[PDB]
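*Asks:* Sharing an experimental structure here, sequence included.
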Amino acid sequence: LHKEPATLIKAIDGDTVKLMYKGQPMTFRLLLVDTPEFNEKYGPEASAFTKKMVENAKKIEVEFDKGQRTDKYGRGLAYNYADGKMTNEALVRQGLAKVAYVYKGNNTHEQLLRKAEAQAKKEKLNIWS
Ligand SMILES: Cc1cn([C@H]2C[C@H](OP(=O)(O)O)[C@@H](COP(=O)(O)O)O2)c(=O)[nH]c1=O
Ligand SMILES: [Ca+2]
């Protein structure tokens, strides 16, 4: 896979963000994770966590996987990086998202994220508390 540039337009929630990519505004849905909706338990904390990670970053990147690059809603499907740290993994490692939505062909970072989830679960963090 390859990191590509993007710039933040706006935080949305724990697993969606509005970024400018190839010069066009797009909503991105983070691959392989599910954060609680804002109205759910830990939804606010997941939103805040992503918000802070993307707003503080000097360099935002997106990395598409091998399969579908946009979902049925027109959302881009990517791994997002903030100053070289993957937001998808960071959310899981902190117990603020579950590994989820693992479709064949867009699952390159599956095992990295499951390893993170195991550790968040061991530590009883957030969702796992
Ligand atoms: C993460 C992801 C979600 N989606 C679709 C599946 C779900 O369909 P439904 O809307 O029919 O439930 C929805 C979940 O996204 P959200 O968790 O943002 O709601 O997005 C994909 O198609 N591919 C993906 O890789
Ligand atoms: Ca969600």
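*Replies:* Nice, thanks for sending it over. Numbering: from 1, shown residues only. Ligands and ions are numbered 1, 2, ... in the order given.
*Asks:* Which positions in the protein make contact with ligand 1?
*Replies:* Within reach of ligand 1 by Cβ under 6 Å from any ligand atom, the chain has these residues: 29, 31, 34, 71, 72, 77, 101, 103, 106. C-beta: built from backbone N, CA, C; applies to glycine.
*Asks:* Highest neighbour count among those?
*Replies:* The most crowded member of those, judged by other Cβ atoms under 10 Å, is residue 31 (28 neighbours).
*Asks:* can you give me the strands in the chain?
*Replies:* Using DSSP state E, the strands of the chain run over residues 4-11, 16-21, 24-30, 33-34, 60-63, 76-82, 85-86, 98-99.
*Asks:* Would you reformat those as a markdown table and include distance to residue 112?
*Replies:* Shown next, in a markdown table, are these (distance: least, Cβ to Cβ, whole Å):
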| stretch | distance to residue 112 |
| --- | --- |
| strand 4-11 | 19 |
| strand 16-21 | 20 |
| strand 24-30 | 13 |
| strand 33-34 | 12 |
| strand 60-63 | 12 |
| strand 76-82 | 10 |
| strand 85-86 | 8 |
| strand 98-99 | 10 |
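*Asks:* now, of those strands, which is deepest in the fold?
*Replies:* Among the strands of the chain, strand 76-82 has the highest mean neighbour count (mean count of other Cβ atoms under 10 Å), at a mean of 24.
*Asks:* Many thanks, I have nothing further to ask.
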